[PDB]
Amino acid sequence: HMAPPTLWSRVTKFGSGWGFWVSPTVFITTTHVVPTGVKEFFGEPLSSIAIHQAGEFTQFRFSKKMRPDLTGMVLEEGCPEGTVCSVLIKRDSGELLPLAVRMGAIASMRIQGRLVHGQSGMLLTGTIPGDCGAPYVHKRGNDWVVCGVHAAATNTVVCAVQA
């Protein structure tokens with residue numbers, strides 16, 4: 001399965017990493033890349049954004065359609081163990097680096113001292129600082145599903161997943 005241009009267009013530079021437009025109003029990212037002490041995101045006041053964060057997973061729901069060109073996709077809490085996902089990595093240069101990953105267990109993990117509710121996976125035939133927030137996706141029938149955001153790596157990578 002090959003990620004089409006529209007799907008890549010959802011991957012958005014954000015803070016010290018990236019985030020992903022799940023739908024016209026819903027944006028997900030990894031908590032530690034989110035700018036702190038700001039009063040707005042994407043030009044919208046914080047008061048107009050419903051924000052939920054836990055275990056390195058951050059979700060924003062805007063009041064205004066921010067990406068009205070997009071269809072809504074399904075966001076799941078991780079994926080079945082053994083699913084081969086693609087991590088849609090954009091680099092600052094603009095290069096697209098889709099990485100195939102075989103996913104393992106959803107678990108509470110501690111990474112550099114902080115609790116991450118996430119899912120591990122093994123890179124198939126790496127990730128670097130700056131890549132956090134990139135989405136983990138897989139195609140199920142007609143639709144692409146997003147199931148985590150990149151959070152950490154050792155061969156093994158971890159995405160944060162929604163609880």
# chains A, B, ... in the order shown; residues from 1 in each chain; ligands from 1

call {"tool": "select_by_dssp", "arguments": {"residues": "segment 87-138 of chain A", "states": "strand (DSSP E)", "output": "number ranges by chain"}}
result
A: 87-90, 96-111, 114-123, 135-138

call {"tool": "write_last_selection", "arguments": {"atoms": "N, CA and C atoms", "output": "compact mmCIF listing (two decimals), in the first residue's frame"}}
result
# COMPACT_ATOMS: atom_id res chain seq x y z
N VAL A 87 5.08 4.64 8.64
CA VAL A 87 5.31 5.87 9.38
C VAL A 87 5.57 6.94 8.32
N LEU A 88 4.71 7.95 8.25
CA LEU A 88 4.84 8.96 7.19
C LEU A 88 5.76 10.09 7.65
N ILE A 89 7.06 9.85 7.51
CA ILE A 89 8.07 10.82 7.93
C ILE A 89 8.30 11.84 6.83
N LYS A 90 8.10 13.10 7.15
CA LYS A 90 8.63 14.20 6.36
C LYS A 90 9.88 14.75 7.04
N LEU A 96 10.11 12.87 1.55
CA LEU A 96 9.17 11.92 2.13
C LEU A 96 9.88 10.60 2.36
N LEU A 97 9.78 10.09 3.58
CA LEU A 97 10.46 8.86 3.97
C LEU A 97 9.45 7.94 4.64
N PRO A 98 8.60 7.28 3.86
CA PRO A 98 7.68 6.30 4.46
C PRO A 98 8.48 5.11 4.96
N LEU A 99 8.31 4.78 6.22
CA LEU A 99 9.02 3.65 6.82
C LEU A 99 8.02 2.56 7.14
N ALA A 100 8.28 1.36 6.64
CA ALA A 100 7.44 0.22 6.97
C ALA A 100 7.81 -0.31 8.35
N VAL A 101 6.81 -0.58 9.18
CA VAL A 101 7.03 -1.03 10.56
C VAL A 101 6.04 -2.15 10.87
N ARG A 102 6.53 -3.25 11.43
CA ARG A 102 5.66 -4.31 11.92
C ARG A 102 5.37 -4.03 13.39
N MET A 103 4.11 -3.81 13.71
CA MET A 103 3.77 -3.37 15.06
C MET A 103 3.66 -4.52 16.04
N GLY A 104 4.07 -4.24 17.27
CA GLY A 104 4.02 -5.18 18.37
C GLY A 104 2.99 -4.78 19.40
N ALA A 105 3.36 -4.85 20.66
CA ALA A 105 2.39 -4.73 21.74
C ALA A 105 2.12 -3.27 22.10
N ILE A 106 0.84 -2.98 22.35
CA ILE A 106 0.41 -1.76 23.03
C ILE A 106 0.68 -1.93 24.52
N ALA A 107 1.41 -0.97 25.09
CA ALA A 107 1.78 -1.08 26.49
C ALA A 107 2.07 0.30 27.06
N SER A 108 2.00 0.38 28.38
CA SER A 108 2.60 1.49 29.09
C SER A 108 4.10 1.27 29.13
N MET A 109 4.86 2.26 28.67
CA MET A 109 6.31 2.18 28.61
C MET A 109 6.89 3.39 29.34
N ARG A 110 8.11 3.25 29.85
CA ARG A 110 8.86 4.41 30.31
C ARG A 110 10.06 4.64 29.39
N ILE A 111 10.15 5.86 28.86
CA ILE A 111 11.16 6.22 27.89
C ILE A 111 11.79 7.52 28.36
N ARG A 114 9.85 9.24 31.26
CA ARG A 114 8.47 9.68 31.11
C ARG A 114 7.58 8.53 30.66
N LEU A 115 6.36 8.49 31.20
CA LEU A 115 5.40 7.44 30.87
C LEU A 115 4.80 7.70 29.49
N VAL A 116 4.82 6.68 28.65
CA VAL A 116 4.29 6.75 27.30
C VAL A 116 3.30 5.61 27.16
N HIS A 117 2.07 5.93 26.81
CA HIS A 117 1.12 4.89 26.45
C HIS A 117 1.29 4.72 24.95
N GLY A 118 1.88 3.61 24.53
CA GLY A 118 2.29 3.55 23.14
C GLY A 118 2.28 2.14 22.62
N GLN A 119 2.74 2.01 21.38
CA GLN A 119 2.87 0.72 20.73
C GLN A 119 4.25 0.65 20.09
N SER A 120 4.95 -0.46 20.34
CA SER A 120 6.26 -0.69 19.76
C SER A 120 6.11 -1.30 18.38
N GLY A 121 7.15 -1.15 17.58
CA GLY A 121 7.19 -1.81 16.29
C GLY A 121 8.62 -1.99 15.84
N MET A 122 8.80 -2.88 14.87
CA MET A 122 10.11 -3.17 14.31
C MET A 122 10.18 -2.61 12.89
N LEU A 123 11.20 -1.79 12.63
CA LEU A 123 11.43 -1.29 11.29
C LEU A 123 11.79 -2.44 10.36
N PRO A 135 2.73 10.37 11.65
CA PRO A 135 1.67 9.38 11.89
C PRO A 135 2.05 7.98 11.47
N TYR A 136 1.50 7.03 12.22
CA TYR A 136 1.55 5.62 11.90
C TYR A 136 0.21 5.26 11.28
N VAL A 137 0.23 4.81 10.03
CA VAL A 137 -0.99 4.56 9.27
C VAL A 137 -0.97 3.17 8.66
N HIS A 138 -2.17 2.68 8.34
CA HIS A 138 -2.31 1.45 7.59
C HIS A 138 -3.62 1.49 6.83

call {"tool": "closest_atom_pairs", "arguments": {"of": "segment 48-160 of chain A", "to": "segment 30-40 of chain A", "cutoff": "9 Å", "atoms": "only C-alpha atoms", "output": "JSON lines"}}
result
{"residue": "A:48", "atom": "CA", "partner": "A:40", "partner_atom": "CA", "distance": 8.9}
{"residue": "A:49", "atom": "CA", "partner": "A:40", "partner_atom": "CA", "distance": 8.8}
{"residue": "A:53", "atom": "CA", "partner": "A:31", "partner_atom": "CA", "distance": 7.0}
{"residue": "A:54", "atom": "CA", "partner": "A:31", "partner_atom": "CA", "distance": 8.0}
{"residue": "A:55", "atom": "CA", "partner": "A:31", "partner_atom": "CA", "distance": 8.0}
{"residue": "A:56", "atom": "CA", "partner": "A:31", "partner_atom": "CA", "distance": 4.6}
{"residue": "A:57", "atom": "CA", "partner": "A:30", "partner_atom": "CA", "distance": 5.1}
{"residue": "A:58", "atom": "CA", "partner": "A:31", "partner_atom": "CA", "distance": 5.3}
{"residue": "A:59", "atom": "CA", "partner": "A:30", "partner_atom": "CA", "distance": 8.8}
{"residue": "A:130", "atom": "CA", "partner": "A:33", "partner_atom": "CA", "distance": 8.7}
{"residue": "A:132", "atom": "CA", "partner": "A:30", "partner_atom": "CA", "distance": 6.4}
{"residue": "A:133", "atom": "CA", "partner": "A:30", "partner_atom": "CA", "distance": 4.8}
{"residue": "A:134", "atom": "CA", "partner": "A:30", "partner_atom": "CA", "distance": 8.4}
{"residue": "A:148", "atom": "CA", "partner": "A:30", "partner_atom": "CA", "distance": 8.9}
{"residue": "A:149", "atom": "CA", "partner": "A:30", "partner_atom": "CA", "distance": 6.0}
{"residue": "A:150", "atom": "CA", "partner": "A:30", "partner_atom": "CA", "distance": 6.8}
{"residue": "A:151", "atom": "CA", "partner": "A:30", "partner_atom": "CA", "distance": 6.3}
{"residue": "A:159", "atom": "CA", "partner": "A:30", "partner_atom": "CA", "distance": 8.5}
{"residue": "A:160", "atom": "CA", "partner": "A:30", "partner_atom": "CA", "distance": 6.8}

call {"tool": "write_last_selection", "arguments": {"atoms": "N, CA and C atoms", "output": "JSON list (two decimals), in the first residue's frame"}}
result
[["chain", "number", "residue", "atom", "x", "y", "z"],
["A", 48, "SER", "N", -10.99, 28.35, 21.43],
["A", 48, "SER", "CA", -11.77, 27.71, 20.39],
["A", 48, "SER", "C", -11.31, 26.28, 20.09],
["A", 49, "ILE", "N", -10.41, 25.71, 20.90],
["A", 49, "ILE", "CA", -9.83, 24.39, 20.63],
["A", 49, "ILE", "C", -10.09, 23.49, 21.84],
["A", 53, "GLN", "N", -4.89, 15.53, 26.14],
["A", 53, "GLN", "CA", -3.54, 15.00, 26.15],
["A", 53, "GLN", "C", -3.42, 13.94, 27.24],
["A", 54, "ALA", "N", -2.77, 12.83, 26.92],
["A", 54, "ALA", "CA", -2.41, 11.85, 27.94],
["A", 54, "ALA", "C", -1.33, 10.94, 27.37],
["A", 55, "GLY", "N", -0.34, 10.59, 28.19],
["A", 55, "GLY", "CA", 0.64, 9.57, 27.81],
["A", 55, "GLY", "C", 1.37, 9.79, 26.50],
["A", 56, "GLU", "N", 1.71, 11.05, 26.19],
["A", 56, "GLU", "CA", 2.42, 11.54, 25.00],
["A", 56, "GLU", "C", 1.55, 11.65, 23.76],
["A", 57, "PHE", "N", 0.24, 11.41, 23.86],
["A", 57, "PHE", "CA", -0.67, 11.59, 22.74],
["A", 57, "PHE", "C", -1.47, 12.87, 22.96],
["A", 58, "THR", "N", -1.46, 13.76, 21.97],
["A", 58, "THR", "CA", -2.20, 15.02, 22.03],
["A", 58, "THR", "C", -3.18, 15.09, 20.88],
["A", 59, "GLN", "N", -4.42, 15.47, 21.18],
["A", 59, "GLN", "CA", -5.46, 15.68, 20.18],
["A", 59, "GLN", "C", -6.03, 17.08, 20.34],
["A", 130, "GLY", "N", 13.51, 15.32, 15.55],
["A", 130, "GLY", "CA", 12.72, 16.08, 14.63],
["A", 130, "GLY", "C", 11.56, 15.31, 14.01],
["A", 132, "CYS", "N", 9.35, 13.36, 15.55],
["A", 132, "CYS", "CA", 8.22, 13.03, 16.41],
["A", 132, "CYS", "C", 6.96, 13.72, 15.96],
["A", 133, "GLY", "N", 5.84, 13.01, 16.10],
["A", 133, "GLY", "CA", 4.56, 13.48, 15.62],
["A", 133, "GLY", "C", 4.13, 12.86, 14.30],
["A", 134, "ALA", "N", 5.05, 12.26, 13.56],
["A", 134, "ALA", "CA", 4.71, 11.65, 12.29],
["A", 134, "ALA", "C", 3.72, 10.51, 12.51],
["A", 148, "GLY", "N", -1.33, 6.02, 15.58],
["A", 148, "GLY", "CA", -0.38, 6.54, 16.55],
["A", 148, "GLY", "C", 0.43, 7.66, 15.94],
["A", 149, "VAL", "N", 1.22, 8.30, 16.79],
["A", 149, "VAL", "CA", 2.13, 9.36, 16.39],
["A", 149, "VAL", "C", 3.52, 9.05, 16.91],
["A", 150, "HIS", "N", 4.53, 9.31, 16.09],
["A", 150, "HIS", "CA", 5.88, 8.87, 16.44],
["A", 150, "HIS", "C", 6.36, 9.54, 17.72],
["A", 151, "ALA", "N", 6.90, 8.75, 18.64],
["A", 151, "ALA", "CA", 7.38, 9.27, 19.93],
["A", 151, "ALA", "C", 8.82, 8.96, 20.30],
["A", 159, "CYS", "N", 5.28, 4.51, 18.82],
["A", 159, "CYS", "CA", 4.31, 5.57, 18.64],
["A", 159, "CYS", "C", 3.46, 5.72, 19.90],
["A", 160, "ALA", "N", 3.11, 6.96, 20.23],
["A", 160, "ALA", "CA", 2.12, 7.19, 21.27],
["A", 160, "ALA", "C", 0.75, 6.91, 20.68]]

call {"tool": "select_by_dssp", "arguments": {"residues": "chain A", "states": "alpha helix (DSSP H)", "output": "ChimeraX atom specification"}}
result
/A:5-9

call {"tool": "atom_distance", "arguments": {"atom1": "atom CA of residue 152 of chain A", "atom2": "atom CA of residue 78 of chain A"}}
result
15.1 Å

call {"tool": "closest_residue", "arguments": {"among": "A:1, A:65, A:140, A:91", "to": "residue 27 of chain A", "atoms": "only C-alpha atoms"}}
result
A:65

call {"tool": "closest_residue", "arguments": {"among": "A:145, A:22, A:128, A:161", "to": "residue 72 of chain A", "atoms": "only C-alpha atoms"}}
result
A:22

call {"tool": "closest_residue", "arguments": {"among": "A:50, A:41, A:2, A:73", "to": "residue 15 of chain A", "atoms": "only C-alpha atoms"}}
result
A:41

call {"tool": "atom_distance", "arguments": {"atom1": "atom CA of residue 5 of chain A", "atom2": "atom CA of residue 63 of chain A"}}
result
25.8 Å

call {"tool": "decode", "arguments": {"residues": "segment 50-68 of chain A", "atoms": "N, CA, C and O atoms", "output": "short mmCIF file (atom, residue, chain, number, x, y, z; two decimals), in the first residue's frame"}}
result
data_model
loop_
_atom_site.label_atom_id
_atom_site.label_comp_id
_atom_site.auth_asym_id
_atom_site.auth_seq_id
_atom_site.Cartn_x
_atom_site.Cartn_y
_atom_site.Cartn_z
N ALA A 50 -10.66 22.31 21.58
CA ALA A 50 -10.81 21.29 22.59
C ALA A 50 -9.55 20.43 22.55
O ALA A 50 -9.27 19.81 21.53
N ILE A 51 -8.80 20.41 23.65
CA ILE A 51 -7.50 19.74 23.69
C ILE A 51 -7.56 18.62 24.72
O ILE A 51 -8.00 18.85 25.85
N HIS A 52 -7.13 17.42 24.30
CA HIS A 52 -6.99 16.27 25.18
C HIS A 52 -5.59 15.71 25.03
O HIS A 52 -5.16 15.43 23.91
N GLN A 53 -4.89 15.53 26.14
CA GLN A 53 -3.54 15.00 26.15
C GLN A 53 -3.42 13.94 27.24
O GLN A 53 -3.91 14.14 28.36
N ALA A 54 -2.77 12.83 26.92
CA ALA A 54 -2.41 11.85 27.94
C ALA A 54 -1.33 10.94 27.37
O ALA A 54 -1.39 10.57 26.21
N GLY A 55 -0.34 10.59 28.19
CA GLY A 55 0.64 9.57 27.81
C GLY A 55 1.37 9.79 26.50
O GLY A 55 1.62 8.82 25.76
N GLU A 56 1.71 11.05 26.19
CA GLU A 56 2.42 11.54 25.00
C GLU A 56 1.55 11.65 23.76
O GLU A 56 2.07 12.00 22.69
N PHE A 57 0.24 11.41 23.86
CA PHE A 57 -0.67 11.59 22.74
C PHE A 57 -1.47 12.87 22.96
O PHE A 57 -2.10 13.04 24.00
N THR A 58 -1.46 13.76 21.97
CA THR A 58 -2.20 15.02 22.03
C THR A 58 -3.18 15.09 20.88
O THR A 58 -2.82 14.80 19.73
N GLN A 59 -4.42 15.47 21.18
CA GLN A 59 -5.46 15.68 20.18
C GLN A 59 -6.03 17.08 20.34
O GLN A 59 -6.37 17.49 21.45
N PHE A 60 -6.16 17.79 19.22
CA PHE A 60 -6.84 19.07 19.13
C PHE A 60 -8.10 18.90 18.29
O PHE A 60 -8.04 18.31 17.20
N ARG A 61 -9.21 19.47 18.74
CA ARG A 61 -10.41 19.60 17.91
C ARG A 61 -10.74 21.08 17.80
O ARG A 61 -11.16 21.71 18.78
N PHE A 62 -10.54 21.63 16.61
CA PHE A 62 -10.83 23.03 16.34
C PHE A 62 -12.32 23.26 16.09
O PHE A 62 -13.04 22.38 15.62
N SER A 63 -12.77 24.47 16.42
CA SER A 63 -14.16 24.91 16.22
C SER A 63 -14.46 25.25 14.77
O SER A 63 -15.63 25.25 14.36
N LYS A 64 -13.44 25.64 14.05
CA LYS A 64 -13.50 26.05 12.66
C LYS A 64 -12.88 24.93 11.84
O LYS A 64 -11.96 24.25 12.29
N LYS A 65 -13.40 24.73 10.63
CA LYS A 65 -12.74 23.80 9.72
C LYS A 65 -11.42 24.39 9.28
O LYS A 65 -11.36 25.48 8.70
N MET A 66 -10.35 23.70 9.61
CA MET A 66 -9.00 24.12 9.29
C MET A 66 -8.51 23.51 8.00
O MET A 66 -7.74 24.17 7.27
N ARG A 67 -8.93 22.29 7.68
CA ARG A 67 -8.55 21.59 6.45
C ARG A 67 -9.82 21.06 5.80
O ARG A 67 -10.06 19.85 5.73
N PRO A 68 -10.67 21.96 5.31
CA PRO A 68 -11.95 21.55 4.72
C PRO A 68 -11.81 20.76 3.42
O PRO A 68 -12.79 20.21 2.92
#
